[PDB]
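Protein chains in written order, with the deposited numbering: chain K, 154 to 287, 290 to 379, 393 to 469; chain A, 154 to 287, 290 to 379, 393 to 469; chain L, 796 to 849; chain D, 1012 to 1065.
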Amino acid sequence: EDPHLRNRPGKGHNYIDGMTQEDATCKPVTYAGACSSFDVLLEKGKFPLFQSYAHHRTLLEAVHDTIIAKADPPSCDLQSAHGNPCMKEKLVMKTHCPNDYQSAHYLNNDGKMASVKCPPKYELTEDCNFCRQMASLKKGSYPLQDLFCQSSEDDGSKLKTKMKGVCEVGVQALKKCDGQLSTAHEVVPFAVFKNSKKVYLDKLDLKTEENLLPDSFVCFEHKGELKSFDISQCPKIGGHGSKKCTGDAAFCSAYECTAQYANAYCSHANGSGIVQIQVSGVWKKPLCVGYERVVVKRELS
Amino acid sequence: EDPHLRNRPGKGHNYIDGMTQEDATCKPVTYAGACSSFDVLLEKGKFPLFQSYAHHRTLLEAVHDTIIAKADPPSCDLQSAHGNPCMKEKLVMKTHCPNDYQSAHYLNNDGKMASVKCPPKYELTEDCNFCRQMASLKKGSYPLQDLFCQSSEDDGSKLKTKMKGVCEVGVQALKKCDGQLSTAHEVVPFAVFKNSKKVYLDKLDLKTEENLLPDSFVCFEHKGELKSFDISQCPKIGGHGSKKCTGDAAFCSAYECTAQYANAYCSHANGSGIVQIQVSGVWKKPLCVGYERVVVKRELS
Amino acid sequence: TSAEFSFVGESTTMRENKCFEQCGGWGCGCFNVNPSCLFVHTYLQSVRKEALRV
Amino acid sequence: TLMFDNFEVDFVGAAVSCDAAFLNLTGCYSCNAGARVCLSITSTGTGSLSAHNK
């Protein structure tokens, strides 16, 4: 759904090494293609946060943009033999997988990129813990978390998870707890700064701020329904491009408005720009903020 | 009462440089006149002001009656993006463009008459800014604004748009607005006098003065589809000569009715005469008050 | 429930939705000069670990 | 109560010389209406006359 939100900021790479069977429809992101690792991100009633923040980076896109590094191993195999470090966090993460997909990507405790990999041709179960024997087969990765990536260089390695009356959430170990504690799956937000662990959150306070970046706008033409147009070919203030392009004040503040000498009419893109997080009152710039349902152990009596 | 709104008093010509296909079925405009530039004027749910002022002239009829001058060039092109004197005023507007149309005429700022033209067989777009590729194409144009025409020769060129509280409304830029403001896409009433500019107004105070004028009495050819006939050839009061003509009650009370000697039956116009307006607190006789959806910039700081 | 914070209303807790009106323009982080709005999803949470029965 | 709803005014002229005269002095003293004065101003340009006592 929503064909107007198919333009991805930056490079727009929704693939990874190993499962490059749909790279022709995801590099670049076309309109007639069937990107399996992006169609479920626009479905209504599942990930509302990604719908509110459409024009933003993801996990694999952040990896291909030199933002989030790869783990070791970056794609752990599902054929485990009483080991595999990428299973202790997957088993405690209660997710829903509608089969079809064979791989799934999520965020690890260190803050890199830890994903699973299934040998062809297997399909995930209702959770995604193992690929059983094999409609058709979606050669992609099912997003298990509703996080979004962004370009920022804000330092924040001296901050950890600080909650109130919480024992051990997820796979981390905050404070000591030896009395009565519960064991259930709850939705707890998280945020990772520049070179830091998977720091959880308690009271998320976002702040949408628009910018004049070229990826924060669209390019819709009229000459030739409406057809998309490449926004990177617009004129730059101070130089000269291939083609032209006009618009309003927001689009004209970054590109040269030629009015009658243009070939399209770009507008503003809804749901773009960098966001800020409120950490102890001081507004900070995170890198990946999302939601996940893992094991939460609260303090009781 | 008396559905005689199809007859066009006076000349009644709907022709323009470019639409040479409807030339044979455009001058004059009778009851059996076929043309897309006039059929859409009498349609329901589109042009309410023209339905309220049915016994009045249009734009092309005012041009052929030596009332509204023509621009240079009067018909522009929207194919090549090399630049033309028409996009500067078209980009600030926002009018709907129906399907299967190539031309779109409107009222310019200089008080003349400017229009565009699509090269065959390329039609227009949904907004009317550019032109795209191609049911059956029409042989006329489409009025972008909701204006009318009348017989008036009142002078009023030394005027200026006196609208306080707003910044750059319409096309006339009174003063800049770089601080706090709020723009939208509303409608603003305006009136163009003889050899003047598009002077916008705040409120509309129209008043139709009914009087025994030849332009307020329709007439058709009488015989044993009806055809229009010149009403100015009828005699005056207390006379029975020249071209005979009869009518009902208003035409018989104003002029004469020769019954069998008459060759054309006349009638009364359902609301017609001299239309006034309250501009600058002074009663003036305009040419054609219309509406348009342009950029309206208000003042807040 | 707002479409942005629809996942918060899934829990069976006390919550409400109160809209607000704010200014626009580039003075507070907006692309359009029209006055913007505000979407607030306020939900209640317990404080004291003990309750009273009156 | 006088209210100005964003009105634009200009003054092209300036301040030039001019002769004044006396007409009539009516009214009252030590009251709300005061005393009305009549002055005959004869100038050649558009401006304003300023007068004061001692």
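Built from N, CA and C at the ideal position, the CB exists for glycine as well.
- For the alpha helix (DSSP H) assignment, the uninterrupted runs of no fewer than 4 residues enclosed by the segment 168 to 244 of chain K are, from N- to C-terminal side, 176 to 179, 189 to 192, 201 to 205, 213 to 216, 241 to 244.
- If you compare the alpha carbons of A/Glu364, A/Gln444, A/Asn438 with that of A/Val373, the shortest gap goes to A/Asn438.
- K/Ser396 carries a strand assignment under DSSP once its states are collapsed to helix, strand and coil.
- In the three-state reduction of the DSSP assignment, A/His408 falls in the coil class, being assigned neither a helical nor a strand state.
- Between the alpha carbons of A/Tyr429 and A/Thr178 lies a gap of roughly 31 angstroms.
- Assignment of A/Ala346 by DSSP, reduced to helix, strand and coil, places it in the strand class.
- Rounded to whole angstroms, the separation of the alpha carbons of A/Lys404 and A/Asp398 is 15 angstroms.
- Taking the Cβ atoms as the reference, K/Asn262 lies roughly 5 angstroms from K/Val326, within the contact range of under 8 angstroms.
- Nearest neighbour of A/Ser351 by Cα position, chosen from A/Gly165, A/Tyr297, A/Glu308, A/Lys180, turns out to be A/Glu308.
- Secondary structure note for K/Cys420: its alpha helix (DSSP H) is the uninterrupted segment 417 to 420.
- The C-beta separation of K/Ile445 from K/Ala346 comes to about 6 angstroms, placing the pair in contact by the 8 angstroms criterion.
- DSSP, reduced to helix, strand and coil, places A/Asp310 within a strand of the structure shown.
- By the beta-carbon neighbour count (other beta carbons within 10 angstroms, threshold 16), A/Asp370 is buried.
- According to DSSP, K/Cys304 shares a beta bridge with K/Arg210, K/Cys456.
- Interface criterion not met: the Cβ of L/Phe815 is under 9 angstroms from no Cβ in chain K.
- The Cβ atoms of K/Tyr259 and K/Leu314 lie no closer than 9 angstroms to each other.
- A/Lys319 has a beta carbon lying within less than 9 angstroms of a beta carbon in chain D.
- Assignment of K/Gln327 by DSSP, reduced to helix, strand and coil, places it in the coil class.
- In the displayed model, K/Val443 falls within a strand according to three-state DSSP.
- Secondary structure at K/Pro369: helix, using DSSP grouped into helix, strand and coil.
- Under the 10 Å beta carbon count, A/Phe191 is surrounded by 16 or more other beta carbons and is classified as buried.
- For K/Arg285, the enclosing beta strand (DSSP E) begins and ends at 284 to 286.
- Annotation: Cβ neighbours of K/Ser205 in chain L (cutoff 7 angstroms, chain order): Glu799.
- Residues of the segment 804 to 838 of chain L with a C-beta atom less than 9 angstroms from some C-beta of chain K are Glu805, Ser806, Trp821, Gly824, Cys825, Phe826, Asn827, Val828, listed in chain order.
- Shown here for A/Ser306: same chain residues with a beta carbon closer than 8 angstroms to its own, the five before and five after excluded, namely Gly163, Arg210, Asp218, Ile220, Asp370 in chain order.
- With a beta-carbon spacing of about 27 angstroms, A/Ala224 and A/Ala187 fall beyond the 8 angstroms limit used to define contacts.
- By the criterion of a C-beta distance shorter than 6 angstroms, K/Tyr206 is surrounded in its chain by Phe303, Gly439, once the five residues flanking it on both sides are discounted.
- CA-CA distance, A/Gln232 to A/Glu214, rounds to 28 angstroms.
- DSSP, read as helix, strand or coil, puts A/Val354 in strand.
- Assignment of beta-bridge partners to A/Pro298 by DSSP yields A/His258.
- As DSSP reads the structure, L/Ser806 sits in no beta bridge.
- Secondary structure note for A/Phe375: its beta strand (DSSP E) is the uninterrupted segment 374 to 376.
- In the DSSP assignment, A/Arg466 falls within the beta strand (DSSP E) that extends over 464 to 466.
- Residue pairing by DSSP puts D/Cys1029 in a beta bridge opposite D/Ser1054.
- Using a CB distance cut-off of 9 angstroms, A/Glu424 does not count as an interface residue toward chain D.
- With a threshold of 9 angstroms between beta carbons, A/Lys241 makes contact with chain K.
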